[PDB]
Amino acid sequence: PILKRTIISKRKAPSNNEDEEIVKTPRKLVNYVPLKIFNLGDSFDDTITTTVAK
Amino acid sequence: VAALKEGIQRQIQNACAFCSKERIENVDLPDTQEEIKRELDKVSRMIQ
Amino acid sequence: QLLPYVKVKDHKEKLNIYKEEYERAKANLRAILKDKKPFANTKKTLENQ
Amino acid sequence: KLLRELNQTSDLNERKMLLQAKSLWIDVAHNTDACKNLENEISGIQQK
Amino acid sequence: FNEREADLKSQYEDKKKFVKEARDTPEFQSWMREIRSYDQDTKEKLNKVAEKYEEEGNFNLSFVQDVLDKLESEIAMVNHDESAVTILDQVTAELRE
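Protein chains in written order, with our numbering: chain S, -3 to 50; chain R, 79 to 126; chain A, 6 to 54; chain D, 60 to 107; chain G, 23 to 119.
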């Protein structure tokens, strides 16, 4: 009823989440920038628990 | 690649500091990071 | 009991972004297809030249 | 007795330590596979 | 321009494949069955708890992180549960006796 319609999202409510710029923004020919030092995880520190394991 | 290799060297030094990197590969766990993050949160809550 | 809110919201957001990407891609494809014919006409004029 | 309780908690703690070490090892594996992909890309660019 | 338009057409076909994959998902197959499950008990207490949940969600200003945080907190709370719950009436009855 009202709950289902409020929970559901109308496809017309937004502009189909349109992106910025008519076409995709240009990028550098290499532009690798690997980074990715941490992939998720993190949270509790490893050094303290490693000392706890020792 | 040199910066990524330096980062990999720091990560492997941390892995050697924390138990051992070579002693972890034998254990079986899903590769997906999101599942591992959820498991870490679950075990952290269990420890709390 | 109801539709999963996180999943429905994620599905709606991904559908919206996919639809807008499809719309921009089809608009660009129509524009390039319309623009291609003058290039063929210019090639014909250049062969006449 | 508190130490035995600490051992019971430490079983989960070492399980969490193994899970975090597995997460760090998978992060290292992701970095290494991405480095291998960058090496393949640089090898293709070097071939070009 | 022909190779660029061929690449754009290939990207457009890939985007159409992604759009087609976005719909008719196993999650969509799960949908319209959860609607039947909700229709099994219509409103009443379920409407009130749903309104309370909606109020909590809009107050939290989150729809994904808030739900996951609440789910993790409730699972952690349920982890310590059912402590000596096997006998509840007999102990009270013997205490009263």
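Positions of the beta carbon are idealized from the N, C-alpha and C atoms, including for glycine.
In this structure, S:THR21 lies away from R:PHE96, with their beta-carbon atoms at least 8 Å apart. In the three-state reduction of the DSSP assignment, G:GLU56 falls in the helix class, which pools H, G and I. Collapsing the DSSP output to three states places R:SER98 in coil. Rounded to the nearest whole angstrom, the C-alpha separation of D:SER102 and R:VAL79 is 12 Å. By the rule that beta-carbons nearer than 8 Å mark a contact, D:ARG63 does not touch chain R.
By the CB criterion at 8 Å, G:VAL86 and A:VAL11 fall inside the cutoff. For R:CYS97, the neighbours in chain D by C-beta distance under 8 Å run, in chain order, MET76, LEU77 and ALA80. Interface residue (Cβ-Cβ distance to chain S less than 8 Å): A:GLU52 is not classified as such. The C-beta of G:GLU27 comes closer than 8 Å to at least one C-beta of chain A.
The three-state reading of DSSP puts A:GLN6 in coil, since its state is none of H, G, I, E or B.
With its beta carbon less than 8 Å from one in chain S, G:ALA72 belongs to the interface. Taking the Cβ atoms as the reference, A:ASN21 lies roughly 5 Å from S:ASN12, within the contact range of under 8 Å.
Assigned with DSSP and collapsed to three states, G:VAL89 falls in helix. Chain-ordered listing is empty here: chain D has no CB closer than 7 Å to the CB of S:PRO(-3), the nearest sitting near 44 Å. The count of Cβ pairs closer than 8 Å, one atom from the segment 40 to 53 of chain A and one from the segment 42 to 52 of chain G, stays below three, leaving the stretches out of contact. Against chain D, the CB of S:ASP15 has no partner CB under 8 Å away; the residue lies outside that interface. When rounded, the separation of the alpha-carbon atoms in G:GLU27 and G:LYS42 is 22 Å. In the structure shown, S:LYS24 adopts coil according to DSSP, grouped into three states. The alpha-carbon of R:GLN89 is positioned some 14 Å away from that of S:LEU36. The three-state reading of DSSP puts S:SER39 in coil, since its state is none of H, G, I, E or B. Interface annotation, S:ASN12: not in contact with chain D, CB-CB separation never under 8 Å. Every alpha helix (DSSP H) stretch that sits fully inside the segment 30 to 84 of chain G and reaches 4 residues is listed by chain position as 48 to 52, 56 to 62 and 67 to 82.
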